[PDB]
Amino acid sequence: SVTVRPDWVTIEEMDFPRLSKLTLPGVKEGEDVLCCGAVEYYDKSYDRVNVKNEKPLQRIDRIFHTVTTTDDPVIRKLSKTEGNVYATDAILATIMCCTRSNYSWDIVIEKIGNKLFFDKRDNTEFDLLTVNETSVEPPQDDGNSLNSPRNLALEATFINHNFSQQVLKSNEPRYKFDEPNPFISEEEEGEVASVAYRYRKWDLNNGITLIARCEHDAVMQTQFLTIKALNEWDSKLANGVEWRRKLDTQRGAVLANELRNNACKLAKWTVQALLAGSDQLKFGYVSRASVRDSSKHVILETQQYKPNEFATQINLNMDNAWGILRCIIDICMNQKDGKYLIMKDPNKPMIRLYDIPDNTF
Ligand SMILES: [Cl-]
Ligand SMILES: [Cl-]
């Protein structure tokens with residue numbers, strides 16, 4: 172959680188009920204400005220996985236990038252001639268889904284004239300997934316490390332990185348865009364995880380033109401996929417729905433529990449898929465092999481959802497998502513040039529925008 176400094180000046184406070192009423196209907200599908208990278212095909216044998224046909228989770232080490240907006244060389248180039256607001260899908264999803272968030276987060280905004288850059292701070296846990304964040308009683312750091320919030324987060328994050336690569340068909344020729352991955356040399360591209368980037372543009376009215384990096388994890392025989405893993409750590413301690421007993425006949429109830437307890441995580445995943453234009457959101461259901469060990473996991477189920485329809489199922493309204501973003505953009509455009517910080521208050525349902533000194537970070 173970022174340390175609020177005494178020389179930070181509050182510009183605006185926004186409570187969740189106000190944010191929840193915001194709307195900007197009519198925003199079009201993103202327009203591709205540049206597409207990059209090479210993505211692997213999904214292995215449809217994983218469609219046969221179920222509780223009676225579980226598969227061990229494999230450890231597959233590939234490199235993942237989560238480059239912030241201003242360090243992205245494609246965004247730097249595009250900003251010379253295109254748009255006036257810049258971000259990435261992960262940063263946008265955090266803002267757009269803020270009214271679902273509980274745990275703290277922050278985003279830095281730099282304003283130069285009529286251009287805005289939204290970034291994450293360097294060396295933070297911004298990328299980590301949360302676990303049971305929106306439970307009535309979230310996990311507490313009361314005990315050893317096995318089920319602490321921090322360890323649960325790293326466990327979920329690790330599970331997701333492995334799952335997304337395991338379900339790929341490594342021998343199938345990849346789908347390659349004309350431009351390669353911008354975060355690695357061609358000579359070494361073999362070592363990066365399967366990913367395709369779409370740098371997309373949106374008209375948000377009032378002359379606001381957003382450019383942001385979006386991505387897909389895989390392709391399917398061409399359909400583009402966003403691949404994510406739900407995970408079960410200890411169902412009893414989580415007071416959850418035991419997956420090995422309930423996935424066969426009550427898969428919907430299991431998902432419903434996930435939605436209640438991981439509301440922000442699931443919405444941010446859905447926004448990521450919608451921003452990229454993925455045709456499907458592919459979920460794995462991954463559980464510990466034993467509740468007492470967080471290093472070994474099994475895949476119990478797989479499912480796919482069309483992102484537009486799934487958004488409606490989790491009560492995510494993109495008209496509201498864009499409305500929230502537009503509200504924040506408008507506030508920033510009215511400020512003096514310089515740096516600003518938006519943050520979610522760790523103990524209250526509100527976000528605050530601060531005027532921070534330019535050399536703060
Ligand atoms: Cl998350
Ligand atoms: Cl304002």
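If you use UniProt numbering, the sequence shown corresponds to residues 172 to 392, 398 to 537, in order. Virtual Cβ for every residue (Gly too), placed ideally from N, Cα, C.
Separation of residue j from residue i, as counted between CA atoms
i: residue 177; j: residue 237; result: 31 Å
i: residue 293; j: residue 399; result: 34 Å
i: residue 452; j: residue 444; result: 12 Å
i: residue 535; j: residue 515; result: 9 Å
i: residue 234; j: residue 352; result: 12 Å
i: residue 501; j: residue 525; result: 17 Å
i: residue 316; j: residue 275; result: 21 Å
i: residue 387; j: residue 455; result: 10 Å
i: residue 483; j: residue 459; result: 11 Å
i: residue 395; j: residue 219; result: Here the chain is numbered 392 followed immediately by 398, so the structure offers no position for residue 395.
i: residue 449; j: residue 429; result: 23 Å
i: residue 226; j: residue 469; result: 17 Å
i: residue 262; j: residue 385; result: 10 Å
i: residue 189; j: residue 503; result: 11 Å
i: residue 466; j: residue 222; result: 15 Å
i: residue 521; j: residue 407; result: 27 Å
i: residue 411; j: residue 349; result: 46 Å
i: residue 185; j: residue 191; result: 10 Å
i: residue 232; j: residue 513; result: 42 Å
i: residue 424; j: residue 510; result: 54 Å
i: residue 505; j: residue 491; result: 24 Å
i: residue 199; j: residue 313; result: 46 Å
i: residue 343; j: residue 201; result: 29 Å
i: residue 433; j: residue 417; result: 7 Å
i: residue 306; j: residue 414; result: 9 Å
i: residue 341; j: residue 214; result: 9 Å
i: residue 224; j: residue 358; result: 39 Å
i: residue 464; j: residue 298; result: 22 Å
i: residue 288; j: residue 537; result: 15 Å
i: residue 533; j: residue 290; result: 16 Å
i: residue 431; j: residue 320; result: 21 Å
i: residue 523; j: residue 242; result: 31 Å
i: residue 479; j: residue 360; result: 30 Å
i: residue 332; j: residue 442; result: 16 Å
i: residue 517; j: residue 175; result: 10 Å
i: residue 481; j: residue 244; result: 33 Å
Cβ-Cβ separation, residue j to residue i (assumed contact under 8 Å), whole Å
i: residue 355; j: residue 405; result: Residue 355 to residue 405, Cβ: 24 Å. No contact.
i: residue 383; j: residue 260; result: 6 Å
i: residue 240; j: residue 217; result: Going by Cβ atoms, the distance from residue 240 to residue 217 rounds to 33 Å, so no, they are not a contact pair.
i: residue 336; j: residue 228; result: Residue 336 to residue 228, Cβ: 11 Å. No contact.
i: residue 173; j: residue 519; result: 6 Å
i: residue 286; j: residue 322; result: Not a contact, Cβ separation roughly 40 Å.
i: residue 268; j: residue 447; result: 6 Å
Check whether residue i and residue j have beta carbons under 8 Å apart
i: residue 370; j: residue 249; result: yes
i: residue 265; j: residue 246; result: no
i: residue 273; j: residue 296; result: no
i: residue 302; j: residue 409; result: yes
i: residue 318; j: residue 310; result: yes
i: residue 283; j: residue 508; result: no
i: residue 212; j: residue 339; result: yes
i: residue 457; j: residue 402; result: yes
i: residue 346; j: residue 210; result: yes
i: residue 477; j: residue 421; result: no
i: residue 252; j: residue 187; result: no
Proximity test, residue i beta-carbon vs ligand 3 heavy atom, cut-off 7 Å
i: residue 474; result: No copy of ligand 3 appears in this structure; the ligands present are ligand 1 and ligand 2.
Just jot down, in chain order, the residues whose CB lies closer than 5 Å to any heavy atom of ligand 1.
300, 301 and 441
Give a yes or no on contact between the stretch 353-367 and the stretch 486-505, applying the rule of three or more CB pairs nearer than 8 Å.
no
The stretch 465-474 contacting the stretch 312-330, beta-carbon criterion three pairs below 8 Å:
Yes, they touch.
Is the stretch 491-503 in contact with the stretch 181-195, if contact means three or more CB pairs nearer than 8 Å?
Between the stretch 491-503 and the stretch 181-195 there are three or more C-beta pairs closer than 8 Å, enough to call the two in contact.
Touching or not, the stretch 520-529 and the stretch 174-188, by the rule of three or more beta carbon pairs under 8 Å?
yes
Taking 8 Å as the threshold, find out whether the stretch 425-438 comes into contact with the stretch 372-379 through three or more Cβ pairs.
no
Closer than 7 Å to ligand 2: residues, by C-beta to nearest heavy atom, in chain order:
183, 506, 507 and 510
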